[PDB]
């Protein structure tokens, strides 16, 4: 068949990133080992964090995004409100909610500088 069913990101601290994605996704990982953790994605697809590649560098620009498509533009803002209201987890804002071609969007950075974009279903 041939599908991109594994989105894989390099992380420096597997514990801290596991805990961050657990909070972002509101889901447990389906696979945990000390250096490699996978969270469910859509269908038989996985989103994986791994310390076995190279350690991300904050000052190095990134050329991709972890996109999170929710049903509506309303789900996006009340997901930004809920994320930035809570104190317990560091949510670094890159762009507060605005309107792109697909609609209501925002951008946060994960602990290792991976860009996460939240947006409505295109």
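Positions refer to the first chain, counted from 1.
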Of 95-103 and 108-116, the stretch with the higher mean C-alpha B-factor in the deposited entry is 95-103
Which has the higher mean CA temperature factor in the PDB entry, 59-67 or 73-81? 73-81
Which one of 51, 33, 90, 41 shows the top CA temperature factor in the record? 90
Residue 1's Cα B-factor: lowest, middle or highest third of the chain? highest
